[PDB]
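K.L.:
One structure follows; several queries about it will come next.
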Amino acid sequence: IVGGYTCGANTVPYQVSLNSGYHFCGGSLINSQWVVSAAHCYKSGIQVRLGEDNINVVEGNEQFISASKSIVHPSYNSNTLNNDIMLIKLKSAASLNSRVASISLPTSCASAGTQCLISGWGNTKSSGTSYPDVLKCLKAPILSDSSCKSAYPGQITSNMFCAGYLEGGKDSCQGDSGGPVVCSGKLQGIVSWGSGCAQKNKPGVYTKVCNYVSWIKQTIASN
Ligand SMILES: NCCc1c[nH]cn1
Ligand SMILES: [Ca+2]
Numbered sequence: 424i425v426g427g428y429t430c431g432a433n434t435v436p437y438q439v440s441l442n443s444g445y446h447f448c449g450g451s452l453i454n455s456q457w458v459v460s461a462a463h464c465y466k467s468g469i470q471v472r473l474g475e476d477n478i479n480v481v482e483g484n485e486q487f488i489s490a491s492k493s494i495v496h497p498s499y500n501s502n503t504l505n506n507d508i509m510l511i512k513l514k515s516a517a518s519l520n521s522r523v524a525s526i527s528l529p530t531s532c533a534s535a536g537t538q539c540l541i542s543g544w545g546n547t548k549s550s551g552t553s554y555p556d557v558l559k560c561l562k563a564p565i566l567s568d569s570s571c572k573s574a575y576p577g578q579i580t581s582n583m584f585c586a587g588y589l590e591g592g593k594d595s596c597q598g599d600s601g602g603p604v605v606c607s608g609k610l611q612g613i614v615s616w617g618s619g620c621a622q623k624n625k626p627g628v629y630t631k632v633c634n635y636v637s638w639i640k641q642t643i644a645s646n
């Protein structure tokens, strides 16, 4: 997260870190056994880390649970990043509490102008490279479809939205991939892609989760 703030330990209780020897992506806990992330975060040997603040230090609220299976969206295209969504099932159910909690799925799509919270352990620099150990947060509005398409000609599908600031300075970045965009207590987005970070007229692009609720529910119900 570039131009954000330190969230505070366990203040974003649905935020997970995906770890394969190291943090490589964010995710969102949506029930005791399931995490939603980006399809471009797919790899084998995933351990889900819940209750994290400092990802380099065991602080006492963590639960580390190995993934039993991952399900990339059937229509995910890695070239265009269309349908950039994946489900991860935990080998055992997380113990839910005030610091490890699920986030609700949307019942309807959020509009341009809706204020959201984007979070992650990604790069905090727009030119250089610096990775924080503690969770970073950014409050950001959803941008209009028209401004999103104008920012990225030929690249924005009906399964994507832009959020952030056309002036630059505040954005998600490398390592935030797969993490949450939460608006009014609903998971509306997944950190998906952009052109660099926090650059003028290049806001972050997010997977439009409301399009996937039926798939998520049906997949969970049979797996
Ligand atoms: N807005 C950029 C988010 C991102 C994803 N991967 C790398 N960067
Ligand atoms: Ca920790």
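First residue of the sequence shown: 424, per the working numbering; consecutive thereafter.
Positions of the beta carbon are idealized from the N, C-alpha and C atoms, including for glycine.
At what residues does the alpha helix (DSSP H) containing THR552 begin and finish?
P.N.:
By 1-based counting over the sequence shown, the position of residue 552 is 129. First-last for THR552: undefined, no H or E at that position.
K.L.:
Quick one: Cα of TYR575 to Cα of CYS606, how far?
P.N.:
Here residue 575 corresponds to residue number 152 of the sequence shown, with the count starting at 1. Here residue 606 corresponds to residue number 183 of the sequence shown, with the count starting at 1. Near 23 Å, if we compare the C-alpha coordinates of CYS606 and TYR575.
K.L.:
Would you check whether ligand 1 has a heavy atom nearer than 6 Å to the C-beta of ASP594?
P.N.:
Indexing the sequence shown from 1 puts residue 594 at position 171. Yes, the Cβ of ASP594 comes within 6 Å of a heavy atom of ligand 1.
K.L.:
Since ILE541 sits in a beta bridge, which residues does DSSP pair it with?
P.N.:
Start at 1 with the first residue of the sequence shown, and residue 541 comes out as number 118. For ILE541, which the question treats as bridged, DSSP gives the partners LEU561 and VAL604.
K.L.:
Looking only at C-alpha atoms, which of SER645, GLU485 and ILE424 sits nearest to residue 370?
P.N.:
Since the first and last residues shown for the chain are 424 and 646, residue 370 lies out of range.
K.L.:
Return yes when the C-beta of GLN597 is under 6 Å from any heavy atom of ligand 1, and no when it is not.
P.N.:
As a first step, residue 597 must be located in the sequence shown, where it is residue number 174. Yes, ligand 1 has a heavy atom inside 6 Å of this Cβ.
K.L.:
Can you tell me whether DSSP reads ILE511 as helix, strand or coil?
P.N.:
Residue numbering aside, residue 511 sits at position 88 when the sequence shown is read from its first letter. Three-state DSSP puts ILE511 in a strand.
K.L.:
Could you pull out every residue in the same chain whose Cβ sits closer than 7 Å to the Cβ of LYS562, ignoring the five residues on either side in sequence?
P.N.:
Counting from 1 along the sequence shown, the entry for residue 562 is found at position 139. Result list for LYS562: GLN538 and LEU540, in chain order.
K.L.:
Can you tell me where the beta strand (DSSP E) holding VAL458 begins and where it ends?
P.N.:
Your numbering for residue 458 matches position 35 in the sequence shown. Its beta strand (DSSP E) spans residues 457-460.
K.L.:
Could you check if residue 666 is buried or exposed, using at least 16 other CB atoms within 10 Å of its CB as the buried criterion?
P.N.:
Residue coverage of the chain in this structure runs from 424 to 646, which leaves residue 666 outside it and unanswerable.
K.L.:
Since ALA644 is in the alpha helix (DSSP H), which residue starts that stretch and which ends it?
P.N.:
As a first step, residue 644 is located in the sequence shown; it is residue number 221 there, counting from the start. First-last of the alpha helix (DSSP H) with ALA644: 636-645.
K.L.:
Could you check the C-alpha separation between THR630 and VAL480 for me, to the nearest Å?
P.N.:
Taking the sequence shown and counting its residues from 1, the one referred to as residue 630 is at position 207. Taking the sequence shown and counting its residues from 1, the one referred to as residue 480 is at position 57. Approximately 30 Å, taken between the alpha carbons.
K.L.:
Based on the DSSP secondary-structure assignment, which residues constitute the bridge partners of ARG472?
P.N.:
Working through the sequence shown from its first residue, we reach residue 472 at position 49. According to DSSP, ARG472 bridges with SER440 and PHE487.
K.L.:
Cα-Cα, which of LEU504, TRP544, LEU558 and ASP599 is closest to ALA462?
P.N.:
Here residue 462 is taken as the residue at index 39 of the sequence shown, counted from 1. When only C-alpha atoms are compared, the closest one is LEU504.
K.L.:
Take every Cβ of the segment 527-534, pair it with every Cβ of the segment 439-449, and state whether three or more of those distances are shorter than 8 Å.
P.N.:
No, the segment 527-534 is not in contact with the segment 439-449.
K.L.:
Where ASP599 and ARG522 are concerned, what is the direct C-alpha to C-alpha distance, given to the nearest angstrom?
P.N.:
Taking the first residue of the sequence shown as 1, we reach residue 599 at position 176. Taking the first residue of the sequence shown as 1, we reach residue 522 at position 99. The straight-line gap from Cα to Cα measures roughly 20 Å.
K.L.:
For the beta strand (DSSP E) that contains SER615, what are its first and last residues?
P.N.:
Walking along the sequence shown from the start, residue 615 turns up at place 192. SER615 -> beta strand (DSSP E) spans 609-616.
K.L.:
From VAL628 to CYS585, what does the alpha carbon distance come to, in whole angstroms?
P.N.:
As a first step, residue 628 is located in the sequence shown; it is residue number 205 there, counting from the start. As a first step, residue 585 is located in the sequence shown; it is residue number 162 there, counting from the start. Their Cα atoms are separated by approximately 5 Å.
K.L.:
Since I believe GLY545 is in contact with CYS596 (beta carbons under 8 Å), could you give me their beta-carbon distance rounded to a whole number of angstroms?
P.N.:
Within the sequence shown, the letter at position 173 stands for residue 596. Within the sequence shown, the letter at position 122 stands for residue 545. That pair is a contact at about 4 Å.
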